[PDB]
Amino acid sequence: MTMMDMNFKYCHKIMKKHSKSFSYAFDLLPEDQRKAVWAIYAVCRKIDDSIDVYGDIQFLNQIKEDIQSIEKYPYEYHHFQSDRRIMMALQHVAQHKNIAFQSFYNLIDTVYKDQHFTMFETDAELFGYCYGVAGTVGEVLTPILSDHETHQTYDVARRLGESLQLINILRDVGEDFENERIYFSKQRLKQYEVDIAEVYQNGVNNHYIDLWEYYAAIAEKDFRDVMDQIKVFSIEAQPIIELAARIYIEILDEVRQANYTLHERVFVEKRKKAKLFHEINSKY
C-alpha cells in the first residue's frame, strides 16, 4: 500500500460508515472511478459534519481554503489545514479529472447558512436546499461517471442528487424534528394542514400521509426521468447509478411498510440491495 492508497482507503472508510447504500453501489465501479468517488464523497461528508467539531465555522473555513489551494495550484504541494488524507486524495483526483469547484463552494455555502436555519416558506426554497446539499454533489461526481460531460450530464446528475436528498428527507422526518429541523415547506404544511410536532407526538394521520406522499411522488417522478436519461453516463457507470438510485428509491417503500413512523430510521436490508443488483445486472 502506498501513502496515496492509504488516503483513499480512509476516504472509503468514511463513505461506507456514513452511507451503506451509496458504498454498496459505487464500490462496484472500476478501480480508478470508485477511488475518485470515495474522495469526492469523503470531502462532501467532512463539509457536512464540520460545524460540530468545535461548534464553529473554524474547521469549515479550513476545508474551504484547502479546496481553493487545490483549484488554484493543483500541482503544488500544500500543507492542508483540515483533513490531509482527504485533501491529498482530492488533489490527486483533481490532477486527472475536471472538478467543478464552484459546486463544492455551493455546498459549503449551504452548510454555512444552515447554521442560521429557518423553515422553508415554499417548496422552491426546499428544492433550492436540495440543490445545495446534494445536487452539488451530483455535479462534482459528473466528470467521474461520464465520458464526455454535456449540460445534459450535469442536469441529470443534479436531478438525481436532488431526488435522493428528498428521499432522505422523507425517511428522516422524525429524527430531523428531534434536531429541530423540519424540511417540508410552511406553504405545503399549511395546505395539507400538518403540524410535525403534533404528528411526532400523536402518530401519523391522513393529512400527514397525504403530504408525505405528495413529496414522494415528486421524488419518484424525478427518479424515472433520470432513469430515462441514464445513457448520458458512461457505460460502466450506468448500471451502478441505476442500482444507487433503486436502492435509494426502495427507502420509500420501507417507510410506508413502517407506517410512516417518525420514531425510527427505516432501511433497505443488505439482502434487498443484492436482489436489486441482481435485477439490474440482468439487463446489463
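Residue numbers here begin at 1 and follow the sequence given.
In none of the other PDB entries of this protein that model the residues around it does residue 239 lack coordinates, well short of a third. For the cut-off of one third of the other compared entries, residue 30 stays well clear, since all of them model it along with its flanks. Taking the mean C-alpha B-factor of each stretch as recorded, 109 to 117 and 88 to 96 are not equal, and the higher mean is that of 109 to 117.
When the mean C-alpha temperature factors of 184 to 192 and 162 to 170 are read from the deposited coordinates, 184 to 192 comes out higher. Which of 209, 157, 126, 134 has the largest Cα B-factor in the deposited entry comes down to 209.
Residue-level inspection of the entry shows that, of 103, 205, 142, 122, 205 has the top Cα B-factor. Residue 78 sits in the lowest third of its chain by CA B factor, as recorded in the PDB entry. Per the PDB record, residue ranking by Cα B-factor puts residue 71 in the lowest third of the chain. Per the deposited record, the Cα B-factor of residue 10 falls in the lowest third when ranked against the other modelled residues of its chain. Sorting the modelled residues of the chain by their CA temperature factor places residue 258 in the highest third. Compared with the other modelled residues of the chain, the Cα B-factor recorded for residue 237 ranks in the middle third.
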